[PDB]
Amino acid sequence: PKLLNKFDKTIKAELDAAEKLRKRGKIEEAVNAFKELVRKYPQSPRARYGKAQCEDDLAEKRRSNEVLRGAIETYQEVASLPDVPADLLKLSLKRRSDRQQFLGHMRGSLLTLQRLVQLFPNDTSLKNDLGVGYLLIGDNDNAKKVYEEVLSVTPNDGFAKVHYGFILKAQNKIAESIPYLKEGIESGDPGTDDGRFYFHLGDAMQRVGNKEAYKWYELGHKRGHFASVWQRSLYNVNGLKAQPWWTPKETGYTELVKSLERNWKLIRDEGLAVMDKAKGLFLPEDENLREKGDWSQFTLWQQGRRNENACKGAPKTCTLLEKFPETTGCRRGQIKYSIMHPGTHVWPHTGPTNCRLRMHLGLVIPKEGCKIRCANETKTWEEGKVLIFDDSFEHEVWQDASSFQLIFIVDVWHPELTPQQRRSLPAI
């Protein structure tokens, strides 16, 4: 890595002495050392990079967003100086984008990634990084165009293949996504050994009837991406008790279960009133999990936040639930009504995290035609009764009754999570 331009080679001793202080952890000393070099040599790219790296380390030491924003600006200043070596220009801008994504400046990161692709049009990995920037903001269309542009030039790039297959699979192009996902993982290129790609390759194969799907779930399990072949959530706290079905006593949330079962008719009645008078509050499930039929949900809580307008449609239910922070505070779960009509089948699927358990309170359950499978066991609901399963295990639902099914879904923190973990875990 050639980081010194012609002038920087003539002050190589001073630059190495300052950088050695930063590698030793003397951050304040290194900050002032590079500050002096930037003063004496205001055009030095290596001195400016040292200033930025020291601000980067100082932000880590302080866990300070404001200090990191200063580092992000100094990484920019490096790129603005004359005669910046190509290796240094790329390092400074790549770190800038990486730190912008850390702060959540996803739009700003995108501008930095685009500039990197403009400066180095032959670096295919920078285009792949740009595609990740689009994926992080939720712009799958522009991400798809980026990887198609990469695959036009380098068809064998494994990173581009998995991410293209991921985009195709997200767009419900199930059959088309399989060879891109498969060949991408099989390439072994950096960035392809990711749990997201084993998860969706196996799921795509499941939807098309490919029996080789669980071979890829076992390979993902062997490489540390899945807790097991059945439990394939990707946002896990390791060690939590893993079983598909739970009894109320096993969860310890016996007071919540008692309240739901004592008061279930007021929950049902408000759900029915929304069906009859405000049906638009039920939104069709839009995560591509419905194989066929009609499936909608009316969400009262998500990420531990109460939807005020929705609770105006179920005020008594929300009042009852407010007494139970184990569900209203579950920032990795929801509280929602769920309606499924006859002819509905939900693809086998897995929730995102092992940090929640999912309760179903039966509200309107037809006598025949409705069942839910979790892992190897299929069960039925009962009106006014709570069943509890871990939806990080593969589960599946059928609705073949002659009228509608209505349930109340109440997520709780996994009981083995400490109060510390419940406060700090990022919301999902």
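Note that residue numbering follows the sequence shown and begins at 1.
> Quick check: 331-339 versus 180-188, which has the larger average CA B-factor in the record?
Result: 180-188.
> Which wins on mean Cα temperature factor, 350-358 or 226-234?
Comparing averages over the C-alpha atoms only gives 226-234.
> Can you tell me which of 406, 412, 409, 17 has the maximum CA B-factor listed in the PDB entry?
Of the candidates given, the C-alpha B-factor peaks at 17.
> Could you say which of 264, 214, 295, 245 has its CA atom at the highest B factor, as listed in the PDB entry?
Top of the list by C-alpha B-factor: 214.
> In terms of the chain's CA B-factor thirds, is residue 203 lowest, middle or highest?
Middle third - that is where residue 203 ends up once the chain's C-alpha B-factors are sorted.
> Mind checking which third residue 56 falls in for C-alpha B-factor across the chain?
Tercile = middle for this residue's CA B-factor.
> Sorting the chain's modelled residues by C-alpha B-factor, tell me whether residue 151 ends up in the lowest, middle or highest third.
Tercile = highest for this residue's CA B-factor.
> Among all modelled residues of this chain, ranked by Cα B factor, put residue 84 in the bottom, middle or top third, i.e. lowest, middle or highest.
Within its chain, residue 84 is a middle-third residue by C-alpha B-factor, going by the deposited values.
> Ordered by C-alpha B-factor within the chain, which third holds residue 123? Give me lowest, middle or highest, please.
Its C-alpha B-factor, which the entry lists for residue 123, ranks in the highest third among residues of this chain.
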